Amino acid sequence: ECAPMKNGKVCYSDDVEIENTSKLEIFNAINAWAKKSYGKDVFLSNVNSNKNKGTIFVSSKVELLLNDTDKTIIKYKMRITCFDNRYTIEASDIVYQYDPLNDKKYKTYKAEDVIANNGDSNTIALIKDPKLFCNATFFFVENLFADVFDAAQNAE
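About the cut-offs
- Residues numbered from 1 in each chain as written, not as in the entry; some residues may be left out.
- Heavy atoms only, no water.
- Residues with missing side-chain atoms left out of burial classes, pairs and counts.
- Helix = DSSP H or I, 4+ residues; strand = E, 2+ residues; numbered from the N terminus.
- Rg over C-alpha atoms; globule rule 2.2 N^0.38 Å.
- Contact = heavy atoms within 4.5 Å.
- Polar contact = N/O pair within 3.5 Å; in protein donor to acceptor, adjacent residues only side chain to side chain.
- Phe/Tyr/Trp six-rings, centres within 6.5 Å; stacked < 30°, edge-to-face > 60°.
- Buried < 20%, exposed > 50% of the residue type's maximum accessible area, 1.4 Å probe, protein only.
- Core = buried A, V, L, I, M, F, W, Y, C linked by side-chain atoms within 4.5 Å.

- If you check the header, you'll see the entry was determined by X-ray crystallography and the resolution is listed as 1.9000 Å.

**Focus on the overall build of the protein**
Here's step 1: Each helix and strand counted, the protein has two helices and eight strands in total.
Here's step 2: Reading the helices (α) and strands (β) of the protein from amino to carboxyl end gives β-β-β-α-β-β-β-β-β-α.
Here's step 3: Relative to the globule expectation of 15 Å for 156 residues, the C-alpha radius of gyration of the protein, 17 Å, shows essentially globular dimensions.
Here's step 4: Counting only C-alpha atoms and orienting by the principal axes, one finds that the protein spans roughly 50 × 30 × 25 Å.
Here's step 5: Sequence-distant contacts in the protein: of pairs separated by 6 or more residues, those separated by 24 or more amount to 54%.

**Some words on the environment of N102**
Here's step 1: Along the chain, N102 turns up in the loop between β7 (86-98) and β8 (107-110).
Here's step 2: Between the alpha carbons of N102 and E90 there is a distance of 30 Å; along the sequence they are 12 residues apart.
Here's step 3: A distance of 2.8 Å separates the side chain of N102 from the side chain of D70, its partner in a polar contact.

**Re the packing of aromatic side chains**
Here's step 1: Overall, the coordinates contain five aromatic pairs when judged by the stated rule.
Here's step 2: On the numbers, 5.3 Å between centres and 75° between planes, the contact of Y76 with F140 is edge-to-face. Pair noted here: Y76 is in strand β6 (residues 71-83) and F140 is in helix α2 (residues 130-152), with a separation of 64 residues, a long-range link. Of the two residues, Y76 and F140, neither departs from the other in class, the shared state being buried.
Here's step 3: Note on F138 and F139: the rings are 5.3 Å apart at their centroids and 90° apart in plane angle, and the pair reads as edge-to-face.
Here's step 4: These aromatic residues form a ring-pair network of at least three members: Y96, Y98 and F133.

**Details of the nonpolar core**
It is characteristic of soluble globular proteins that their nonpolar side chains tend to be buried jointly.
Here's step 1: Counting 43 residues, the largest nonpolar core has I30, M78, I80, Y87 and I115 as its most contacted members.
Here's step 2: Contributions of two or more residues to this core are made by β3 (12-17), α1 (23-38), β5 (55-65), β6, β7 and α2.
Here's step 3: Leaving out residues up to four positions away in the same chain, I80 has contacts with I30, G54, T55, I56, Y87, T88, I89 and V148.

Below, the structure is given as structure tokens:
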């Protein structure tokens with residue numbers, strides 16, 4: 001459930017039909033959301049909008065709440081590809097920057113080394129709560145997908 005994997009990496013994806021709606025309309029609706037959401041977070045996020053290819057690439061780094069005590073930085077990339085009546089979305093290259101004392105002494109962990117097999121295959125002895133990382137990541141990414149879906153529905 002929470003840590004879908006493909007070709008050895010954590011990868012979340014969706015594929016969405018938008019009936020009778022052109023590539024341009026879909027692209028412009030999703031591009032607006034990406035530019036608003038990630039364009040003036042200049043130190044922490046990057047966006048490339050490729051109108052030639054109908055693709056939007058996003059890179060971001062954000063604090064992710066784990067429970068009440070704990071939290072991690074999460075870094076991720078996302079690619080949205082627009083077609084007539086259809087778009088695809090993938091989020092991968094997931095990496096954690098984490099300090100269990102929550103004092104900014106981060107160490108970098110690939111998601112594959114923490115949340116594989118829904119947190120049951122954690123390799124990092126120092127992470128005592130890997131299913132929290134798995135669950136938090138699933139809800140974070142999937143809600144981004146839902147934001148994208150809502151933006152896409154704005155096309156005509």
